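Beneath this line is the structure, given in structure tokens, with notes to follow.
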Amino acid sequence: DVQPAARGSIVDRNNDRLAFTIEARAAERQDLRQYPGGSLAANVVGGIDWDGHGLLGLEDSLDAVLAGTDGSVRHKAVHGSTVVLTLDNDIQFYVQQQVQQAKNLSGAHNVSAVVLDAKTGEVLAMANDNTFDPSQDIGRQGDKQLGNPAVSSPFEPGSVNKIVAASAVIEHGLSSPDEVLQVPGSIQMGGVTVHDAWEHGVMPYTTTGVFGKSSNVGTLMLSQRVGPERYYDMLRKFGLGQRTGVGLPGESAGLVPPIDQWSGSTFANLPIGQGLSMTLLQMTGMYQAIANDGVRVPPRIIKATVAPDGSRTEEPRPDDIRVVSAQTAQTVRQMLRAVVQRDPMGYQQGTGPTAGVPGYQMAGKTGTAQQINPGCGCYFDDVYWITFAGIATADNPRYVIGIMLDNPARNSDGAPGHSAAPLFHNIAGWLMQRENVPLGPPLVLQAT
Ligand SMILES: *C(=O)[C@@H](NC(=O)[C@H](N)c1ccc(O)cc1)[C@@H]1N[C@@H](C(=O)O)C(C)(C)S1
Ligand SMILES: [Co+2]
Ligand SMILES: [Co+2]
Ligand SMILES: [Co+2]
Ligand SMILES: [Co+2]
């Protein structure tokens with residue numbers, strides 16, 4: 001005769017329940033899995049099988065923790081432990097809803113977003129559009145997203161990768177935010193030709209402006225100062241090409257070609273974010289490093305487990321990784337404020353003015369990466385991954401936000417363009433309001 005273990009529950013950081021079991025009947029007694037939020041975080045949480053064991057998601061990957069072990073008679077029943085996630089359901093719900101309507105408004109194939117706690121790298125929200133509902137039969141949801149693209153599905157970052165170049169060039173003392181540069185409209189590098197997204201003669205962009213206006217040419221000129229080895233070294237320190245260990249099934253490691261295999265043109269591509277791929281989580285994790293004064297903390301979604309008696313064990317914190325100094329990180333945060341700076345005369349406006357929130361030192365970076373055309377082995381001309389990653393706020397980092405839009409026809413808010421900045425605006429602005437966070441001179445992107 002068998003004594004069944006009672007399945008543990010999955011809850012958020014404040015013990016708001018995401019998944020829990022109730023006892024019912026039909027093989028007479030039947031345990032019913034409940035999902036009071038429906039699709040809420042179902043990309044992370046997953047769903048249950050007919051036998052009451054995990055089918056996919058954390059229900060499956062932590063099944064042994066959640067299922068326990070059945071007793072007998074004499075062996076006692078080890079009931080399932082409760083899993084406490086780092087997620088905040090309120091933030092998850094808002095972000096997940098905003099991700100869905102950015103996908104609707106923008107016409108993108110898909111949208112995903114990640115919010116990290118800036119100091120600890122804990123995952124506060126992780127969402128994609130079209131999230132399935134685990135309270136319903138999965139075979140009836142082939143049109144739904146059943147997985148977790150934010151960790152499983154790498155993409156080329158494009159210009160949001162320029163945080164690496166910016167971090168290296170400041171960390172090695174090779175430039176400063178105010179340095180006046182001379183930036184041609186194109187250069188020949190590594191045997192290939194790199195253009196800026198707008199035609200221009202030599203422009204007196206500051207280093208700040210190179211990243212604020214997202215000059216590819218300016219980025220490569222600065223990267224020539226870093227050199228491949230210090231640049232590749234910093235890619236590795238920012239954690240690219242390597243799984244984070246976040247504790248979710250199906251995490252991709254992405255792809256960074258090791259320096260021993262680069263072609264002549266590789267260095268002309270990586271610093272502007274093409275020729276490598278990363279997940280949204282890796283992307284957001286890079287900006288977490290700069291937000292946490294240069295110390296990257298690998299993100300984590302399991303906060304703790306609670307044993308059946310009620311004793312709580314915290315998850316072990318991952319080891320700090322210093323990427324750049326605190327001084328360098330603070331300088332990059334300030335400089336990325338220029339990305340969201342507005343200028344009616346155009347000259348001192350970054351690529352993402354709609355992402356700024358007046359009253360706050362928002363800092364971030366836009367991205368537009370060309371996707372590979374699967375039929376030619378070559379890049380599409382008009383098919384993009386759109387990215388934004390930012391920090392709320394530069395003077396007091398609390399939240400890191402990463403966003404990717406898969407080839408939108410419009411802005412995330414539905415206006416003409418291809419920008420994820422309005423979605424950052426909405427999320428970061430709402431995060432400041434709800435915590436009642438309180439409120440200098442304009443930055444120079446372009447000299448004379
Ligand atoms: C980084 O993402 C850069 N983008 C490109 O170089 C890309 N090939 C591209 C060129 C021209 C387009 O019309 C679209 C993509 C720079 N960063 C982008 C950004 O949004 O920040 C641009 C400013 C578009 S160029
Ligand atoms: Co025995
Ligand atoms: Co030209
Ligand atoms: Co267009
Ligand atoms: Co607004």
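Chains: A, B, ... in order of the structure tokens. Residues: from 1 per chain. Ligands: from 1, in order shown.
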**OP:** Identify, on the basis of only C-alpha atoms, every residue whose closest approach to residue 356 (chain A) does not exceed 7 Å; exclude the query and any residue fewer than 2 positions from it along the same chain; express the result as a ChimeraX atom specification.
**Re:** /A:340-341,353-354,358,362,425
**OP:** Please identify the residues whose atoms come within 9 Å of ligand 2, using only C-alpha atoms and all ligand atoms, and report them as a PyMOL selection string.
**Re:** chain A and resi 72-75
Output file for the selection above: N, CA, C and O atoms, as an mmCIF file, in the first residue's frame:
data_model
loop_
_atom_site.group_PDB
_atom_site.id
_atom_site.type_symbol
_atom_site.label_atom_id
_atom_site.label_comp_id
_atom_site.auth_asym_id
_atom_site.auth_seq_id
_atom_site.Cartn_x
_atom_site.Cartn_y
_atom_site.Cartn_z
ATOM 1 N N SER A 72 5.506 4.359 1.877
ATOM 2 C CA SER A 72 5.032 2.987 1.778
ATOM 3 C C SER A 72 4.966 2.357 3.163
ATOM 4 O O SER A 72 5.667 2.775 4.089
ATOM 5 N N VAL A 73 4.121 1.333 3.279
ATOM 6 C CA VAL A 73 4.047 0.495 4.481
ATOM 7 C C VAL A 73 3.295 -0.802 4.168
ATOM 8 O O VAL A 73 3.756 -1.900 4.499
ATOM 9 N N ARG A 74 8.329 0.084 6.282
ATOM 10 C CA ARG A 74 7.694 1.394 6.404
ATOM 11 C C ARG A 74 8.648 2.536 6.033
ATOM 12 O O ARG A 74 9.707 2.719 6.637
ATOM 13 N N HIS A 75 8.245 3.302 5.024
ATOM 14 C CA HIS A 75 8.992 4.462 4.558
ATOM 15 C C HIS A 75 8.049 5.652 4.545
ATOM 16 O O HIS A 75 6.955 5.569 3.984
#
**OP:** Step one, run DSSP on the backbone; step two, keep only residues of region 228-371 of chain A assigned to strand (DSSP E); then write them as number ranges by chain.
**Re:** A: 295-296, 302-306, 312-314, 321-322, 363-371
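Once only C-alpha atoms and all ligand atoms are used for the distance check, the residues close to ligand 1 at 8 Å turn out to be residues 157, 158, 159, 160, 162, 195, 196, 197, 198, 213, 214, 215, 216, 272, 273, 351, 352, 365, 366, 367, 368, 369, 370, 382, 384, 386, 387 and 419 of chain A.
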**OP:** Return as JSON, numbers by chain every polymer residue, whether protein, DNA or RNA, with at least one atom no more than 7 Å from an atom of ligand 4; count only C-alpha atoms and all ligand atoms.
**Re:** {"A": [409, 417, 418]}
Output file for the residues above (C-alpha atoms, as an mmCIF file, in the first residue's frame):
data_model
loop_
_atom_site.group_PDB
_atom_site.id
_atom_site.type_symbol
_atom_site.label_atom_id
_atom_site.label_comp_id
_atom_site.auth_asym_id
_atom_site.auth_seq_id
_atom_site.Cartn_x
_atom_site.Cartn_y
_atom_site.Cartn_z
ATOM 1 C CA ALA A 409 6.640 46.985 -38.658
ATOM 2 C CA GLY A 417 9.501 53.343 -36.938
ATOM 3 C CA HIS A 418 11.079 50.204 -35.499
#
Subject >> Spatial neighbours of residue 60 (chain A), max dist 12 Å, only C-alpha atoms, sep filter under 4 positions, as a PyMOL selection string >> reply: chain A and resi 10+44-49+52-56+64-67+248-250
Please dump the current selection as a PDB file, in the first residue's frame; keep N, CA and C atoms.
ATOM      1  N   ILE A  10       4.667  26.310  -6.345  1.00  0.00           N
ATOM      2  CA  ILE A  10       5.599  27.296  -6.891  1.00  0.00           C
ATOM      3  C   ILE A  10       5.012  28.668  -6.619  1.00  0.00           C
ATOM      4  N   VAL A  44       7.943  30.484 -17.578  1.00  0.00           N
ATOM      5  CA  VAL A  44       8.864  30.019 -16.545  1.00  0.00           C
ATOM      6  C   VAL A  44       8.294  28.818 -15.813  1.00  0.00           C
ATOM      7  N   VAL A  45       7.055  28.957 -15.336  1.00  0.00           N
ATOM      8  CA  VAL A  45       6.428  27.965 -14.468  1.00  0.00           C
ATOM      9  C   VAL A  45       6.241  26.639 -15.197  1.00  0.00           C
ATOM     10  N   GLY A  46       5.743  26.694 -16.431  1.00  0.00           N
ATOM     11  CA  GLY A  46       5.497  25.483 -17.189  1.00  0.00           C
ATOM     12  C   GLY A  46       4.120  24.900 -16.912  1.00  0.00           C
ATOM     13  N   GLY A  47       3.989  23.576 -17.028  1.00  0.00           N
ATOM     14  CA  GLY A  47       2.706  22.917 -16.857  1.00  0.00           C
ATOM     15  C   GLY A  47       2.877  21.470 -16.447  1.00  0.00           C
ATOM     16  N   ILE A  48       1.741  20.839 -16.160  1.00  0.00           N
ATOM     17  CA  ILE A  48       1.679  19.510 -15.559  1.00  0.00           C
ATOM     18  C   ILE A  48       1.240  18.484 -16.599  1.00  0.00           C
ATOM     19  N   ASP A  49       1.594  17.231 -16.343  1.00  0.00           N
ATOM     20  CA  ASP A  49       1.207  16.111 -17.186  1.00  0.00           C
ATOM     21  C   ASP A  49      -0.010  15.404 -16.576  1.00  0.00           C
ATOM     22  N   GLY A  52       0.287  13.990 -12.993  1.00  0.00           N
ATOM     23  CA  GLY A  52       0.599  14.959 -11.964  1.00  0.00           C
ATOM     24  C   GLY A  52       2.065  15.311 -11.826  1.00  0.00           C
ATOM     25  N   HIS A  53       2.926  14.815 -12.707  1.00  0.00           N
ATOM     26  CA  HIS A  53       4.317  15.239 -12.744  1.00  0.00           C
ATOM     27  C   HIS A  53       4.515  16.326 -13.797  1.00  0.00           C
ATOM     28  N   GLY A  54       5.631  17.039 -13.663  1.00  0.00           N
ATOM     29  CA  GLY A  54       5.895  18.171 -14.539  1.00  0.00           C
ATOM     30  C   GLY A  54       5.944  17.750 -15.999  1.00  0.00           C
ATOM     31  N   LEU A  55       5.362  18.585 -16.857  1.00  0.00           N
ATOM     32  CA  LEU A  55       5.394  18.358 -18.298  1.00  0.00           C
ATOM     33  C   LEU A  55       6.457  19.199 -18.997  1.00  0.00           C
ATOM     34  N   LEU A  56       6.645  20.437 -18.569  1.00  0.00           N
ATOM     35  CA  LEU A  56       7.617  21.331 -19.184  1.00  0.00           C
ATOM     36  C   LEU A  56       7.790  22.503 -18.231  1.00  0.00           C
ATOM     37  N   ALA A  64      11.570  16.657  -9.282  1.00  0.00           N
ATOM     38  CA  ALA A  64      12.049  15.906  -8.123  1.00  0.00           C
ATOM     39  C   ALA A  64      11.897  16.704  -6.837  1.00  0.00           C
ATOM     40  N   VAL A  65      12.195  18.004  -6.886  1.00  0.00           N
ATOM     41  CA  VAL A  65      11.992  18.870  -5.726  1.00  0.00           C
ATOM     42  C   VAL A  65      10.504  19.017  -5.416  1.00  0.00           C
ATOM     43  N   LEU A  66       9.680  19.215  -6.451  1.00  0.00           N
ATOM     44  CA  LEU A  66       8.267  19.525  -6.254  1.00  0.00           C
ATOM     45  C   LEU A  66       7.424  18.278  -6.004  1.00  0.00           C
ATOM     46  N   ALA A  67       7.792  17.148  -6.611  1.00  0.00           N
ATOM     47  CA  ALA A  67       7.008  15.924  -6.450  1.00  0.00           C
ATOM     48  C   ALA A  67       7.276  15.222  -5.131  1.00  0.00           C
ATOM     49  N   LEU A 248      16.824  27.652 -15.319  1.00  0.00           N
ATOM     50  CA  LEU A 248      15.671  27.409 -16.163  1.00  0.00           C
ATOM     51  C   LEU A 248      16.061  26.401 -17.232  1.00  0.00           C
ATOM     52  N   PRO A 249      15.153  25.507 -17.609  1.00  0.00           N
ATOM     53  CA  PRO A 249      15.477  24.524 -18.649  1.00  0.00           C
ATOM     54  C   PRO A 249      15.641  25.178 -20.011  1.00  0.00           C
ATOM     55  N   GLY A 250      16.533  24.595 -20.815  1.00  0.00           N
ATOM     56  CA  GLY A 250      16.661  24.976 -22.203  1.00  0.00           C
ATOM     57  C   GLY A 250      17.389  26.277 -22.447  1.00  0.00           C
TER      58      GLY A 250
END
**OP:** Please run DSSP on the backbone and report, as a PyMOL selection string, all residues within region 195-342 of chain A that come out as helix (DSSP H, G or I).
**Re:** chain A and resi 207-212+216-237+259-261+266-268+270-272+280-291+326-340
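Residues in contact with ligand 3 (atom pairs separated by at most 7 Å; only C-alpha atoms and all ligand atoms) are residues 185, 186, 195 and 199 of chain A.
If you measure from each of A:327, A:131, A:69, A:426 to ligand 5 using only C-alpha atoms and all ligand atoms, the closest one turns out to be A:426.
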**OP:** Would you mind listing what lies within 12 Å of residue 292 (chain A) as a PyMOL selection string, with only C-alpha atoms counted and same-chain residues fewer than 2 positions away left out?
**Re:** chain A and resi 116-121+285-290+294-298+320-330+332-333+391-400
**OP:** List the neighbours of residue 338 (chain A) out to 9 Å using only C-alpha atoms; skip same-chain residues closer than 4 positions along the sequence, and give me the result as a ChimeraX atom specification.
**Re:** /A:208-209,211-213,334,342,348-353,363-364,442-445
Can those selected residues be exported to a file as an mmCIF file, in the first residue's frame so that it contains C-alpha atoms?
data_model
loop_
_atom_site.group_PDB
_atom_site.id
_atom_site.type_symbol
_atom_site.label_atom_id
_atom_site.label_comp_id
_atom_site.auth_asym_id
_atom_site.auth_seq_id
_atom_site.Cartn_x
_atom_site.Cartn_y
_atom_site.Cartn_z
ATOM 1 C CA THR A 208 29.338 60.145 -25.770
ATOM 2 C CA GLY A 209 27.728 60.959 -29.120
ATOM 3 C CA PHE A 211 27.200 55.745 -28.474
ATOM 4 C CA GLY A 212 24.291 58.180 -28.152
ATOM 5 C CA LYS A 213 23.820 58.423 -31.935
ATOM 6 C CA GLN A 334 26.119 58.551 -17.387
ATOM 7 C CA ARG A 342 15.919 64.770 -26.550
ATOM 8 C CA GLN A 348 22.277 66.574 -29.252
ATOM 9 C CA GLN A 349 19.570 63.906 -29.549
ATOM 10 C CA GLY A 350 20.272 60.209 -29.063
ATOM 11 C CA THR A 351 18.652 57.309 -30.878
ATOM 12 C CA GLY A 352 16.070 56.680 -28.141
ATOM 13 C CA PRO A 353 14.507 59.894 -26.819
ATOM 14 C CA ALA A 363 20.275 55.299 -19.402
ATOM 15 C CA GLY A 364 20.109 52.728 -22.150
ATOM 16 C CA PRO A 442 22.558 68.547 -21.326
ATOM 17 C CA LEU A 443 25.169 66.107 -22.609
ATOM 18 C CA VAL A 444 27.301 66.892 -25.655
ATOM 19 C CA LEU A 445 26.990 64.288 -28.419
#
Region 11-20 of chain A environment, 10 Å, only C-alpha atoms, sequence neighbours closer than 4 positions dropped, as a short mmCIF file (atom, residue, chain, number, x, y, z; two decimals) with N, CA and C atoms, in the first residue's frame:
data_model
loop_
_atom_site.label_atom_id
_atom_site.label_comp_id
_atom_site.auth_asym_id
_atom_site.auth_seq_id
_atom_site.Cartn_x
_atom_site.Cartn_y
_atom_site.Cartn_z
N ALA A 6 2.58 14.75 -1.49
CA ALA A 6 1.82 15.90 -1.95
C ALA A 6 2.73 16.88 -2.68
N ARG A 7 2.35 17.25 -3.90
CA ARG A 7 3.21 18.08 -4.74
C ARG A 7 3.42 19.45 -4.11
N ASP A 31 -5.17 14.45 -7.69
CA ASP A 31 -4.59 15.73 -7.30
C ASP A 31 -4.67 16.69 -8.47
N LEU A 32 -5.30 17.85 -8.25
CA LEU A 32 -5.50 18.86 -9.29
C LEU A 32 -4.47 19.97 -9.15
N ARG A 33 -3.72 20.21 -10.22
CA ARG A 33 -2.81 21.35 -10.26
C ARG A 33 -3.59 22.62 -10.63
N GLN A 34 -3.39 23.67 -9.85
CA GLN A 34 -4.05 24.96 -10.03
C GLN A 34 -3.04 26.01 -10.49
N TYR A 35 -3.48 26.88 -11.39
CA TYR A 35 -2.67 28.01 -11.86
C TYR A 35 -3.56 29.24 -11.74
N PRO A 36 -3.61 29.85 -10.56
CA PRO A 36 -4.55 30.97 -10.35
C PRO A 36 -4.31 32.15 -11.28
N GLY A 37 -3.12 32.29 -11.84
CA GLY A 37 -2.84 33.38 -12.76
C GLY A 37 -2.96 33.01 -14.23
N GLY A 38 -3.32 31.78 -14.54
CA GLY A 38 -3.41 31.37 -15.94
C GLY A 38 -2.04 31.42 -16.59
N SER A 39 -1.91 32.24 -17.63
CA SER A 39 -0.68 32.36 -18.40
C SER A 39 0.40 33.13 -17.66
N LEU A 40 0.10 33.68 -16.49
CA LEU A 40 1.07 34.51 -15.78
C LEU A 40 2.37 33.74 -15.54
N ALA A 41 3.44 34.16 -16.21
CA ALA A 41 4.76 33.55 -16.06
C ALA A 41 4.76 32.07 -16.45
N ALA A 42 3.80 31.64 -17.27
CA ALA A 42 3.78 30.23 -17.63
C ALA A 42 4.98 29.84 -18.48
N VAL A 45 7.05 28.96 -15.34
CA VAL A 45 6.43 27.96 -14.47
C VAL A 45 6.24 26.64 -15.20
N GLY A 46 5.74 26.69 -16.43
CA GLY A 46 5.50 25.48 -17.19
C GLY A 46 4.12 24.90 -16.91
N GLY A 47 3.99 23.58 -17.03
CA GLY A 47 2.71 22.92 -16.86
C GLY A 47 2.88 21.47 -16.45
N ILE A 48 1.74 20.84 -16.16
CA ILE A 48 1.68 19.51 -15.56
C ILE A 48 1.24 18.48 -16.60
N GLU A 59 8.03 23.13 -13.58
CA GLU A 59 7.28 21.98 -13.09
C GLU A 59 8.03 20.70 -13.41
N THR A 82 8.38 23.42 -1.50
CA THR A 82 7.89 24.59 -2.20
C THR A 82 9.06 25.36 -2.79
N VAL A 83 8.89 25.81 -4.04
CA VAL A 83 9.92 26.57 -4.75
C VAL A 83 9.53 28.05 -4.72
N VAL A 84 10.43 28.89 -4.22
CA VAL A 84 10.23 30.33 -4.16
C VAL A 84 11.06 30.97 -5.27
N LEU A 85 10.38 31.61 -6.21
CA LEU A 85 11.07 32.25 -7.32
C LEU A 85 11.46 33.68 -6.95
N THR A 86 12.44 34.21 -7.68
CA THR A 86 12.77 35.62 -7.55
C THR A 86 11.72 36.53 -8.20
N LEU A 87 10.79 35.97 -8.97
CA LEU A 87 9.81 36.78 -9.67
C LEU A 87 8.95 37.58 -8.70
N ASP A 88 8.58 38.78 -9.13
CA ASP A 88 7.55 39.59 -8.49
C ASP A 88 6.32 39.56 -9.39
N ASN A 89 5.24 38.95 -8.91
CA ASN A 89 4.04 38.75 -9.74
C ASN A 89 3.47 40.07 -10.25
N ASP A 90 3.47 41.12 -9.42
CA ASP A 90 2.96 42.41 -9.87
C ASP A 90 3.77 42.94 -11.06
N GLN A 92 5.78 41.06 -12.96
CA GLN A 92 5.61 40.10 -14.04
C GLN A 92 4.33 40.39 -14.81
N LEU A 124 13.33 39.56 -11.89
CA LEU A 124 12.07 40.07 -11.37
C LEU A 124 10.91 39.87 -12.33
N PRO A 134 -1.31 27.17 -18.78
CA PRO A 134 -1.10 25.79 -18.33
C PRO A 134 -2.32 25.16 -17.67
N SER A 135 -3.36 25.92 -17.38
CA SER A 135 -4.61 25.32 -16.93
C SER A 135 -5.38 24.65 -18.06
N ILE A 301 16.69 32.76 -10.94
CA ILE A 301 15.24 32.82 -10.81
C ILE A 301 14.73 32.04 -9.60
N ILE A 302 15.52 31.12 -9.06
CA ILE A 302 15.15 30.43 -7.82
C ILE A 302 15.67 31.26 -6.66
N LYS A 303 14.76 31.77 -5.83
CA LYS A 303 15.20 32.47 -4.63
C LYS A 303 15.45 31.53 -3.45
N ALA A 304 14.60 30.53 -3.26
CA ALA A 304 14.72 29.63 -2.11
C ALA A 304 13.78 28.45 -2.30
N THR A 305 13.99 27.42 -1.49
CA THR A 305 13.07 26.30 -1.38
C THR A 305 12.63 26.16 0.07
#
**OP:** Please measure the separation of CA of residue 440 (chain A) and CA of residue 177 (chain A), giving the value in Å to one decimal.
**Re:**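 So the answer is 15.6 Å.
Between residue 182 (chain A) and the candidates A:263, A:436, A:167, A:206, the tightest atom-to-atom separation, counting only C-alpha atoms, involves A:206.
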